[PDB]
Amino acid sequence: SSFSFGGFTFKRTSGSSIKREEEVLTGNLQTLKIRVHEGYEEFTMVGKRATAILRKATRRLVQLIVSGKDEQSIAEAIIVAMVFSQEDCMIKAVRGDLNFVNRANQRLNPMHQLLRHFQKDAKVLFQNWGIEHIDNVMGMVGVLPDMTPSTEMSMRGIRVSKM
């Protein structure tokens, strides 16, 4: 079962999941109804300018190792991964003036709306995601919320691999 999302081709390599419709609150306290995937799964993300290994559990990104053409290409893949993960901090990063998902049309997709929102500006997403101290894994680097490489700190779960 291969599928497309945010310009990437996803392929499940391990795990299984069941769907459950859930109501989540944004940072604006707005209710969104999302189709939540329950279960630990592993995927490959293949795009035109980036590729990744994604390890996720229910509404939680465990790890993402990204490889792409440059900073912008890698950032695009990170954004899709965070939205795909269905995490609460990704959902809570939706806040402020006019930052509302059009829900008067039930047939619309909140996942695509969240994607479009973070594609325009990932600064609140990347800042609100969290940062962790990383080990000295050679070949893989950490990446800070401004997409600066760091050998000591990175965005929680995120590693950059060389091409």
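For every residue, the number given is its place in the sequence shown, counted from 1.
Novice: When the other structures of this protein are compared, and only where the residues around it are present, is residue 44 absent from a third or more of them?
Specialist: Modelled in all the others, so no.
Novice: Can you check if, in at least a third of the other PDB entries compared, residue 104 has no modelled coordinates?
Specialist: Missing in at least a third of the others, so yes.
Novice: Look over 89-97 and 71-79 in the entry and identify the one with the greater average Cα temperature factor.
Specialist: Looking at the recorded C-alpha B-factors, 89-97 comes out higher on average.
Novice: Quick check: 7-15 versus 149-157, which has the larger average CA B-factor in the record?
Specialist: Looking at the record's C-alpha B-factors, the answer is 149-157.
Novice: Which one, 113, 119, 105, 26, has the peak C-alpha temperature factor per the PDB entry?
Specialist: Result of the comparison over 113, 119, 105, 26: 105.
Novice: Highest Cα B-factor in the deposition, which of 36, 137, 61, 50?
Specialist: Top of the list by C-alpha B-factor: 137.
Novice: Ranked by Cα temperature factor within the chain, is residue 44 in the lowest third, the middle third or the highest third?
Specialist: For residue 44, the deposited C-alpha B-factor lands in the middle third.
Novice: Going by the recorded CA B-factors, say which third of the chain residue 65 sits in, lowest, middle or highest.
Specialist: It belongs to the middle third of the chain when residues are ordered by C-alpha B-factor.
Novice: Ranking the modelled residues of this chain by C-alpha B-factor as given in the entry, is residue 125 in the lowest, middle or highest third?
Specialist: CA B-factor rank for residue 125: lowest third.
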